[PDB]
$ cat structure_27.pdb   # PDB, N, CA and C atoms
MODEL        1
ATOM      1  N   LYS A1037       0.820  -1.209   0.000
ATOM      2  CA  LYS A1037       0.000   0.000   0.000
ATOM      3  C   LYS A1037       0.855   1.261   0.000
ATOM      4  N   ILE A1038       1.931   1.244  -0.780
ATOM      5  CA  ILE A1038       2.616   2.479  -1.127
ATOM      6  C   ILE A1038       1.762   3.229  -2.135
ATOM      7  N   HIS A1039       1.854   4.541  -2.117
ATOM      8  CA  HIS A1039       1.120   5.347  -3.080
ATOM      9  C   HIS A1039       1.924   5.433  -4.368
ATOM     10  N   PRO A1040       1.448   4.880  -5.481
ATOM     11  CA  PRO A1040       2.163   5.060  -6.746
ATOM     12  C   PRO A1040       2.201   6.528  -7.131
ATOM     13  N   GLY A1041       2.942   6.817  -8.196
ATOM     14  CA  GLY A1041       3.152   8.200  -8.577
ATOM     15  C   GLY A1041       1.878   8.960  -8.880
ATOM     16  N   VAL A1042       0.839   8.270  -9.335
ATOM     17  CA  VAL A1042      -0.359   8.927  -9.832
ATOM     18  C   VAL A1042      -1.555   8.588  -8.951
ATOM     19  N   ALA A1043      -2.588   9.419  -9.057
ATOM     20  CA  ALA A1043      -3.869   9.201  -8.410
ATOM     21  C   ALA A1043      -4.926   8.982  -9.478
ATOM     22  N   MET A1044      -6.069   8.434  -9.084
ATOM     23  CA  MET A1044      -7.066   8.036 -10.064
ATOM     24  C   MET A1044      -8.420   8.646  -9.741
ATOM     25  N   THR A1045      -9.162   8.967 -10.796
ATOM     26  CA  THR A1045     -10.534   9.438 -10.711
ATOM     27  C   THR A1045     -11.448   8.352 -11.251
ATOM     28  N   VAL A1046     -12.502   8.043 -10.513
ATOM     29  CA  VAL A1046     -13.337   6.888 -10.797
ATOM     30  C   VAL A1046     -14.727   7.366 -11.176
ATOM     31  N   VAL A1047     -15.286   6.780 -12.230
ATOM     32  CA  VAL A1047     -16.600   7.155 -12.736
ATOM     33  C   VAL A1047     -17.452   5.902 -12.838
ATOM     34  N   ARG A1048     -18.713   6.017 -12.438
ATOM     35  CA  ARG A1048     -19.603   4.879 -12.291
ATOM     36  C   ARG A1048     -21.017   5.374 -12.540
ATOM     37  N   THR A1049     -21.831   4.575 -13.222
ATOM     38  CA  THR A1049     -23.197   4.980 -13.536
ATOM     39  C   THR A1049     -24.193   4.219 -12.690
ATOM     40  N   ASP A1050     -25.078   4.968 -12.052
ATOM     41  CA  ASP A1050     -26.074   4.398 -11.170
ATOM     42  C   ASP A1050     -27.467   4.712 -11.684
ATOM     43  N   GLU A1051     -28.383   3.779 -11.439
ATOM     44  CA  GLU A1051     -29.687   3.771 -12.068
ATOM     45  C   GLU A1051     -30.780   3.686 -11.014
ATOM     46  N   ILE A1052     -31.947   4.261 -11.332
ATOM     47  CA  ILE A1052     -33.029   4.424 -10.370
ATOM     48  C   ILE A1052     -34.384   4.163 -11.014
ATOM     49  N   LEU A1053     -35.152   3.229 -10.468
ATOM     50  CA  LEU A1053     -36.500   2.968 -10.955
ATOM     51  C   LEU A1053     -37.458   3.989 -10.355
ATOM     52  N   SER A1054     -38.323   4.563 -11.185
ATOM     53  CA  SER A1054     -39.183   5.635 -10.722
ATOM     54  C   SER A1054     -40.580   5.487 -11.298
ATOM     55  N   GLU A1055     -41.525   6.186 -10.679
ATOM     56  CA  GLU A1055     -42.898   6.258 -11.150
ATOM     57  C   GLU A1055     -43.176   7.664 -11.651
ATOM     58  N   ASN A1056     -43.790   7.768 -12.824
ATOM     59  CA  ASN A1056     -43.879   9.037 -13.519
ATOM     60  C   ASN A1056     -45.323   9.470 -13.700
ATOM     61  N   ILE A1057     -45.498  10.777 -13.843
ATOM     62  CA  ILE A1057     -46.790  11.399 -14.097
ATOM     63  C   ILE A1057     -46.716  12.077 -15.452
ATOM     64  N   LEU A1058     -47.727  11.862 -16.285
ATOM     65  CA  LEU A1058     -47.747  12.388 -17.642
ATOM     66  C   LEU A1058     -49.006  13.215 -17.837
ATOM     67  N   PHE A1059     -48.850  14.392 -18.428
ATOM     68  CA  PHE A1059     -49.960  15.279 -18.724
ATOM     69  C   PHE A1059     -49.989  15.555 -20.215
ATOM     70  N   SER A1060     -51.185  15.612 -20.785
ATOM     71  CA  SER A1060     -51.321  15.786 -22.223
ATOM     72  C   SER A1060     -52.608  16.546 -22.481
ATOM     73  N   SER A1061     -52.507  17.691 -23.144
ATOM     74  CA  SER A1061     -53.633  18.605 -23.198
ATOM     75  C   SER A1061     -54.697  18.100 -24.164
ATOM     76  N   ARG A1062     -55.838  18.780 -24.151
ATOM     77  CA  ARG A1062     -57.022  18.321 -24.858
ATOM     78  C   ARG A1062     -56.919  18.609 -26.345
ATOM     79  N   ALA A1063     -57.309  17.631 -27.159
ATOM     80  CA  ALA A1063     -57.336  17.767 -28.616
ATOM     81  C   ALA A1063     -55.998  18.249 -29.159
ATOM     82  N   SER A1064     -54.917  17.649 -28.681
ATOM     83  CA  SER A1064     -53.591  18.078 -29.089
ATOM     84  C   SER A1064     -53.057  17.328 -30.296
ATOM     85  N   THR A1065     -53.556  16.130 -30.581
ATOM     86  CA  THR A1065     -53.153  15.389 -31.766
ATOM     87  C   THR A1065     -54.367  14.782 -32.445
ATOM     88  N   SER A1066     -54.262  14.633 -33.766
ATOM     89  CA  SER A1066     -55.305  14.050 -34.609
ATOM     90  C   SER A1066     -54.805  12.697 -35.101
ATOM     91  N   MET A1067     -55.685  11.699 -35.126
ATOM     92  CA  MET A1067     -55.317  10.345 -35.506
ATOM     93  C   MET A1067     -56.138   9.893 -36.702
ATOM     94  N   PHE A1068     -55.515   9.107 -37.574
ATOM     95  CA  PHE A1068     -56.162   8.532 -38.748
ATOM     96  C   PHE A1068     -56.044   7.019 -38.673
ATOM     97  N   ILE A1069     -57.183   6.333 -38.618
ATOM     98  CA  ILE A1069     -57.234   4.894 -38.391
ATOM     99  C   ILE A1069     -57.591   4.196 -39.694
ATOM    100  N   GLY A1070     -56.849   3.146 -40.021
ATOM    101  CA  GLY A1070     -57.154   2.313 -41.166
ATOM    102  C   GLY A1070     -57.669   0.958 -40.729
ATOM    103  N   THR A1071     -58.301   0.225 -41.632
ATOM    104  CA  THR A1071     -58.920  -1.034 -41.256
ATOM    105  C   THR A1071     -57.865  -2.086 -40.919
ATOM    106  N   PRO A1072     -58.143  -2.968 -39.970
ATOM    107  CA  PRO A1072     -57.252  -4.100 -39.716
ATOM    108  C   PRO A1072     -57.438  -5.193 -40.761
ATOM    109  N   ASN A1073     -56.560  -6.194 -40.701
ATOM    110  CA  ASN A1073     -56.609  -7.338 -41.604
ATOM    111  C   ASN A1073     -56.490  -8.630 -40.814
ATOM    112  N   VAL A1074     -56.300  -9.707 -41.572
ATOM    113  CA  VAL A1074     -56.000 -11.041 -41.079
ATOM    114  C   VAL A1074     -55.110 -11.610 -42.191
ATOM    115  N   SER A1075     -54.013 -12.288 -41.868
ATOM    116  CA  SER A1075     -53.165 -12.823 -42.926
ATOM    117  C   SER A1075     -52.646 -14.200 -42.544
ATOM    118  N   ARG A1076     -52.320 -15.003 -43.550
ATOM    119  CA  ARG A1076     -51.815 -16.351 -43.329
ATOM    120  C   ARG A1076     -50.352 -16.421 -43.727
ATOM    121  N   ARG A1077     -49.537 -17.026 -42.871
ATOM    122  CA  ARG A1077     -48.124 -17.197 -43.167
ATOM    123  C   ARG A1077     -47.590 -18.404 -42.420
ATOM    124  N   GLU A1078     -46.584 -19.042 -43.008
ATOM    125  CA  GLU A1078     -45.773 -20.029 -42.309
ATOM    126  C   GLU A1078     -46.561 -21.239 -41.833
ATOM    127  N   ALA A1079     -47.237 -21.927 -42.741
ATOM    128  CA  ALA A1079     -47.903 -23.175 -42.398
ATOM    129  C   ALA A1079     -46.869 -24.282 -42.262
ATOM    130  N   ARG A1080     -46.744 -24.849 -41.065
ATOM    131  CA  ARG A1080     -45.864 -25.984 -40.846
ATOM    132  C   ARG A1080     -46.649 -27.282 -40.941
ATOM    133  N   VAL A1081     -45.948 -28.396 -40.743
ATOM    134  CA  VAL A1081     -46.550 -29.689 -41.008
ATOM    135  C   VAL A1081     -47.693 -29.997 -40.055
ATOM    136  N   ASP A1082     -47.751 -29.332 -38.903
ATOM    137  CA  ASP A1082     -48.811 -29.567 -37.938
ATOM    138  C   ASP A1082     -49.700 -28.363 -37.698
ATOM    139  N   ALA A1083     -49.247 -27.157 -38.024
ATOM    140  CA  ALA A1083     -49.928 -25.961 -37.562
ATOM    141  C   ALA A1083     -49.852 -24.873 -38.618
ATOM    142  N   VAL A1084     -50.701 -23.863 -38.443
ATOM    143  CA  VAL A1084     -50.776 -22.704 -39.324
ATOM    144  C   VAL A1084     -50.795 -21.459 -38.456
ATOM    145  N   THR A1085     -49.977 -20.474 -38.799
ATOM    146  CA  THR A1085     -49.872 -19.243 -38.027
ATOM    147  C   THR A1085     -50.486 -18.094 -38.811
ATOM    148  N   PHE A1086     -51.255 -17.258 -38.128
ATOM    149  CA  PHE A1086     -51.913 -16.125 -38.750
ATOM    150  C   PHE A1086     -51.395 -14.835 -38.135
TER     151      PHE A1086
ATOM    152  N   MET B   1     -70.231 -12.135 -92.728
ATOM    153  CA  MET B   1     -69.548 -10.856 -92.571
ATOM    154  C   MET B   1     -68.855 -10.783 -91.217
ATOM    155  N   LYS B   2     -68.802 -11.926 -90.537
ATOM    156  CA  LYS B   2     -68.064 -12.096 -89.288
ATOM    157  C   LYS B   2     -67.033 -13.181 -89.582
ATOM    158  N   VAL B   3     -65.916 -12.777 -90.177
ATOM    159  CA  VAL B   3     -64.945 -13.739 -90.681
ATOM    160  C   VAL B   3     -64.307 -14.476 -89.513
ATOM    161  N   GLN B   4     -64.529 -15.788 -89.450
ATOM    162  CA  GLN B   4     -63.772 -16.621 -88.527
ATOM    163  C   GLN B   4     -62.292 -16.466 -88.829
ATOM    164  N   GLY B   5     -61.512 -16.093 -87.822
ATOM    165  CA  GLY B   5     -60.114 -15.837 -88.097
ATOM    166  C   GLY B   5     -59.135 -16.353 -87.068
ATOM    167  N   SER B   6     -59.636 -16.955 -85.995
ATOM    168  CA  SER B   6     -58.779 -17.458 -84.932
ATOM    169  C   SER B   6     -59.650 -18.147 -83.896
ATOM    170  N   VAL B   7     -59.006 -18.597 -82.816
ATOM    171  CA  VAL B   7     -59.744 -19.164 -81.702
ATOM    172  C   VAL B   7     -60.734 -18.137 -81.183
ATOM    173  N   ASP B   8     -61.971 -18.574 -80.966
ATOM    174  CA  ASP B   8     -63.014 -17.667 -80.508
ATOM    175  C   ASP B   8     -62.654 -17.083 -79.149
ATOM    176  N   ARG B   9     -62.776 -15.760 -79.028
ATOM    177  CA  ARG B   9     -62.455 -15.105 -77.767
ATOM    178  C   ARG B   9     -63.302 -15.658 -76.633
ATOM    179  N   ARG B  10     -64.584 -15.914 -76.902
ATOM    180  CA  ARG B  10     -65.525 -16.226 -75.832
ATOM    181  C   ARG B  10     -65.194 -17.552 -75.163
ATOM    182  N   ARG B  11     -64.644 -18.509 -75.913
ATOM    183  CA  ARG B  11     -64.340 -19.805 -75.321
ATOM    184  C   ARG B  11     -63.123 -19.728 -74.410
ATOM    185  N   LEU B  12     -62.092 -18.988 -74.821
ATOM    186  CA  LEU B  12     -60.893 -18.888 -73.995
ATOM    187  C   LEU B  12     -61.159 -18.115 -72.711
ATOM    188  N   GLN B  13     -62.118 -17.188 -72.731
ATOM    189  CA  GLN B  13     -62.483 -16.486 -71.507
ATOM    190  C   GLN B  13     -62.969 -17.455 -70.443
ATOM    191  N   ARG B  14     -63.769 -18.446 -70.840
ATOM    192  CA  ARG B  14     -64.253 -19.430 -69.881
ATOM    193  C   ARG B  14     -63.110 -20.257 -69.314
ATOM    194  N   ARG B  15     -62.119 -20.578 -70.143
ATOM    195  CA  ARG B  15     -61.063 -21.483 -69.710
ATOM    196  C   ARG B  15     -60.009 -20.770 -68.874
ATOM    197  N   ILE B  16     -59.753 -19.491 -69.149
ATOM    198  CA  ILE B  16     -58.833 -18.738 -68.305
ATOM    199  C   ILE B  16     -59.504 -18.271 -67.023
ATOM    200  N   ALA B  17     -60.836 -18.318 -66.957
ATOM    201  CA  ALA B  17     -61.526 -17.920 -65.738
ATOM    202  C   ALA B  17     -61.189 -18.856 -64.587
ATOM    203  N   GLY B  18     -60.979 -20.139 -64.884
ATOM    204  CA  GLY B  18     -60.672 -21.092 -63.835
ATOM    205  C   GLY B  18     -59.250 -21.013 -63.328
ATOM    206  N   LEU B  19     -58.304 -20.661 -64.198
ATOM    207  CA  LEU B  19     -56.909 -20.563 -63.793
ATOM    208  C   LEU B  19     -56.587 -19.244 -63.104
ATOM    209  N   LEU B  20     -57.438 -18.234 -63.264
ATOM    210  CA  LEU B  20     -57.124 -16.912 -62.727
ATOM    211  C   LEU B  20     -57.111 -16.865 -61.204
ATOM    212  N   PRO B  21     -58.148 -17.298 -60.486
ATOM    213  CA  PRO B  21     -58.230 -16.990 -59.052
ATOM    214  C   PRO B  21     -57.098 -17.634 -58.272
ATOM    215  N   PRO B  22     -56.315 -16.839 -57.556
ATOM    216  CA  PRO B  22     -55.248 -17.389 -56.731
ATOM    217  C   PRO B  22     -55.765 -17.713 -55.343
ATOM    218  N   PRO B  23     -54.959 -18.344 -54.492
ATOM    219  CA  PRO B  23     -55.422 -18.632 -53.131
ATOM    220  C   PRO B  23     -55.617 -17.357 -52.330
ATOM    221  N   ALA B  24     -56.599 -17.395 -51.433
ATOM    222  CA  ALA B  24     -57.023 -16.193 -50.729
ATOM    223  C   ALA B  24     -56.151 -15.908 -49.513
ATOM    224  N   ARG B  25     -55.812 -14.630 -49.333
ATOM    225  CA  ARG B  25     -55.126 -14.132 -48.147
ATOM    226  C   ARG B  25     -55.700 -12.766 -47.792
ATOM    227  N   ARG B  26     -55.150 -12.169 -46.736
ATOM    228  CA  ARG B  26     -55.317 -10.749 -46.426
ATOM    229  C   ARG B  26     -56.792 -10.340 -46.429
ATOM    230  N   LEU B  27     -57.534 -10.910 -45.490
ATOM    231  CA  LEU B  27     -58.918 -10.529 -45.266
ATOM    232  C   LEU B  27     -58.994  -9.508 -44.138
ATOM    233  N   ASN B  28     -59.851  -8.505 -44.302
ATOM    234  CA  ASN B  28     -59.951  -7.427 -43.324
ATOM    235  C   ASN B  28     -61.010  -7.745 -42.276
ATOM    236  N   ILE B  29     -60.851  -7.163 -41.088
ATOM    237  CA  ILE B  29     -61.592  -7.557 -39.895
ATOM    238  C   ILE B  29     -62.558  -6.451 -39.493
ATOM    239  N   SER B  30     -63.782  -6.841 -39.134
ATOM    240  CA  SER B  30     -64.799  -5.926 -38.628
ATOM    241  C   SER B  30     -65.348  -6.500 -37.330
ATOM    242  N   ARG B  31     -65.128  -5.791 -36.217
ATOM    243  CA  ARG B  31     -65.795  -6.165 -34.974
ATOM    244  C   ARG B  31     -67.304  -6.013 -35.091
ATOM    245  N   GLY B  32     -67.767  -5.119 -35.971
ATOM    246  CA  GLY B  32     -69.177  -5.094 -36.314
ATOM    247  C   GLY B  32     -69.661  -6.422 -36.860
ATOM    248  N   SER B  33     -68.773  -7.164 -37.522
ATOM    249  CA  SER B  33     -69.019  -8.549 -37.899
ATOM    250  C   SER B  33     -68.604  -9.509 -36.789
ATOM    251  N   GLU B  34     -67.382  -9.339 -36.278
ATOM    252  CA  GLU B  34     -66.822 -10.086 -35.153
ATOM    253  C   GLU B  34     -66.521 -11.528 -35.552
ATOM    254  N   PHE B  35     -67.035 -11.934 -36.711
ATOM    255  CA  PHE B  35     -66.751 -13.212 -37.351
ATOM    256  C   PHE B  35     -67.510 -13.226 -38.668
ATOM    257  N   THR B  36     -67.028 -13.982 -39.647
ATOM    258  CA  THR B  36     -67.761 -14.152 -40.889
ATOM    259  C   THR B  36     -67.514 -15.557 -41.406
ATOM    260  N   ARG B  37     -68.478 -16.062 -42.173
ATOM    261  CA  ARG B  37     -68.230 -17.276 -42.934
ATOM    262  C   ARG B  37     -67.060 -17.096 -43.889
ATOM    263  N   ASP B  38     -66.745 -15.848 -44.244
ATOM    264  CA  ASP B  38     -65.581 -15.570 -45.078
ATOM    265  C   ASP B  38     -64.286 -15.857 -44.333
ATOM    266  N   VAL B  39     -64.229 -15.509 -43.046
ATOM    267  CA  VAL B  39     -63.044 -15.817 -42.251
ATOM    268  C   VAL B  39     -62.836 -17.323 -42.177
ATOM    269  N   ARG B  40     -63.929 -18.081 -42.061
ATOM    270  CA  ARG B  40     -63.832 -19.535 -42.098
ATOM    271  C   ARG B  40     -63.168 -20.013 -43.380
ATOM    272  N   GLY B  41     -63.514 -19.403 -44.513
ATOM    273  CA  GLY B  41     -62.887 -19.793 -45.764
ATOM    274  C   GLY B  41     -61.384 -19.605 -45.743
ATOM    275  N   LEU B  42     -60.924 -18.493 -45.173
ATOM    276  CA  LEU B  42     -59.489 -18.259 -45.069
ATOM    277  C   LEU B  42     -58.843 -19.237 -44.096
ATOM    278  N   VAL B  43     -59.597 -19.694 -43.099
ATOM    279  CA  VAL B  43     -59.015 -20.455 -42.000
ATOM    280  C   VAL B  43     -59.055 -21.955 -42.272
ATOM    281  N   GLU B  44     -60.168 -22.462 -42.805
ATOM    282  CA  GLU B  44     -60.343 -23.900 -43.004
ATOM    283  C   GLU B  44     -59.185 -24.507 -43.781
ATOM    284  N   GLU B  45     -58.849 -25.758 -43.454
ATOM    285  CA  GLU B  45     -57.695 -26.415 -44.046
ATOM    286  C   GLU B  45     -58.047 -27.601 -44.924
ATOM    287  N   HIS B  46     -59.225 -28.195 -44.747
ATOM    288  CA  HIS B  46     -59.830 -28.954 -45.834
ATOM    289  C   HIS B  46     -59.033 -30.195 -46.245
ATOM    290  N   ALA B  47     -58.900 -31.164 -45.338
ATOM    291  CA  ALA B  47     -57.936 -32.246 -45.474
ATOM    292  C   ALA B  47     -58.535 -33.528 -46.059
ATOM    293  N   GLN B  48     -57.702 -34.574 -46.067
ATOM    294  CA  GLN B  48     -57.915 -35.836 -46.767
ATOM    295  C   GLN B  48     -58.626 -36.842 -45.857
ATOM    296  N   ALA B  49     -58.511 -38.137 -46.182
ATOM    297  CA  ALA B  49     -59.083 -39.247 -45.423
ATOM    298  C   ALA B  49     -60.610 -39.287 -45.418
ATOM    299  N   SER B  50     -61.209 -39.518 -46.581
ATOM    300  CA  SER B  50     -62.652 -39.636 -46.716
ATOM    301  C   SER B  50     -63.172 -40.900 -46.038
ATOM    302  N   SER B  51     -64.445 -41.202 -46.293
ATOM    303  CA  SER B  51     -65.180 -42.233 -45.575
ATOM    304  C   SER B  51     -65.483 -43.471 -46.406
ATOM    305  N   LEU B  52     -65.054 -43.520 -47.663
ATOM    306  CA  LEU B  52     -65.162 -44.652 -48.589
ATOM    307  C   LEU B  52     -66.574 -44.799 -49.151
ATOM    308  N   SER B  53     -67.527 -43.969 -48.749
ATOM    309  CA  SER B  53     -68.804 -43.979 -49.441
ATOM    310  C   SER B  53     -68.618 -43.454 -50.861
ATOM    311  N   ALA B  54     -69.573 -43.790 -51.729
ATOM    312  CA  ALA B  54     -69.448 -43.422 -53.136
ATOM    313  C   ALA B  54     -69.393 -41.910 -53.315
ATOM    314  N   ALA B  55     -70.228 -41.172 -52.585
ATOM    315  CA  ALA B  55     -70.228 -39.718 -52.681
ATOM    316  C   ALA B  55     -69.323 -39.057 -51.658
ATOM    317  N   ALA B  56     -69.093 -39.699 -50.508
ATOM    318  CA  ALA B  56     -68.233 -39.101 -49.492
ATOM    319  C   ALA B  56     -66.838 -38.836 -50.031
ATOM    320  N   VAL B  57     -66.396 -39.631 -51.002
ATOM    321  CA  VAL B  57     -65.136 -39.351 -51.679
ATOM    322  C   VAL B  57     -65.241 -38.058 -52.478
ATOM    323  N   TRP B  58     -66.342 -37.887 -53.208
ATOM    324  CA  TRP B  58     -66.509 -36.678 -54.007
ATOM    325  C   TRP B  58     -66.715 -35.454 -53.125
ATOM    326  N   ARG B  59     -67.509 -35.592 -52.061
ATOM    327  CA  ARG B  59     -67.683 -34.493 -51.119
ATOM    328  C   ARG B  59     -66.345 -34.041 -50.554
ATOM    329  N   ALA B  60     -65.479 -34.991 -50.204
ATOM    330  CA  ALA B  60     -64.167 -34.650 -49.671
ATOM    331  C   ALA B  60     -63.189 -34.260 -50.764
ATOM    332  N   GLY B  61     -63.355 -34.801 -51.967
ATOM    333  CA  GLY B  61     -62.540 -34.380 -53.089
ATOM    334  C   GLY B  61     -61.212 -35.082 -53.243
TER     335      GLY B  61
ENDMDL
END
$ encode --input "structure_27.pdb" --output "structure tokens"
Amino acid sequence: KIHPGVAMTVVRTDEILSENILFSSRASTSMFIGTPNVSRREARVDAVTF
Amino acid sequence: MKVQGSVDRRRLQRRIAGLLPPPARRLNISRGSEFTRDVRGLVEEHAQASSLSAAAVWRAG
């Protein structure tokens, strides 16, 4: 535990889980909705995925 | 005054009508419907192993 010629600065990142409050004013965005679909893909020897 | 000059258009229309339709995909969904016999068509898989009756073979295809 001799002190070497140099000293060191240490950096470390710490993280915190939090609960947030969000506010969003009235009629602030307009949305355009299109119709949904149904599609077939990847039929295997036992099953079919949609 | 209608000179026969090639294969009749009207007959080939009938024969290409059967080859045209491809397999169905991409059906759109309506909760106002919430289900359709059309969705069944897209979903059904329509398999083999008939019952050996004279018509049950034809019904199954």
$ atom_distance --input "structure_27.pdb" --atom1 "atom N of residue 61 of chain B" --atom2 "atom C of residue 14 of chain B"
22.6 Å
$ closest_atom_pairs --input "structure_27.pdb" --of "chain A" --to "segment 15-32 of chain B" --cutoff "8 Å" --atoms "only C-alpha atoms" --output "JSON lines"
{"residue": "A:1071", "atom": "CA", "partner": "B:28", "partner_atom": "CA", "distance": 6.8}
{"residue": "A:1072", "atom": "CA", "partner": "B:29", "partner_atom": "CA", "distance": 5.6}
{"residue": "A:1073", "atom": "CA", "partner": "B:28", "partner_atom": "CA", "distance": 3.8}
{"residue": "A:1074", "atom": "CA", "partner": "B:27", "partner_atom": "CA", "distance": 5.1}
{"residue": "A:1075", "atom": "CA", "partner": "B:26", "partner_atom": "CA", "distance": 4.6}
{"residue": "A:1076", "atom": "CA", "partner": "B:25", "partner_atom": "CA", "distance": 6.3}
$ atom_distance --input "structure_27.pdb" --atom1 "atom CA of residue 60 of chain B" --atom2 "atom C of residue 43 of chain B"
15.6 Å
$ atom_distance --input "structure_27.pdb" --atom1 "atom N of residue 1084 of chain A" --atom2 "atom CA of residue 45 of chain B"
9.3 Å
$ select_by_dssp --input "structure_27.pdb" --residues "chain A" --states "strand (DSSP E or B)" --output "PyMOL selection string"
chain A and resi 1073-1074+1077+1085
$ select_by_dssp --input "structure_27.pdb" --residues "chain B" --states "helix (DSSP H, G or I)" --output "list in words"
residues 9, 10, 11, 12, 13, 14, 15, 16, 17, 18, 19, 37, 38, 39, 40, 41, 42, 43, 56, 57, 58, 59 and 60 of chain B
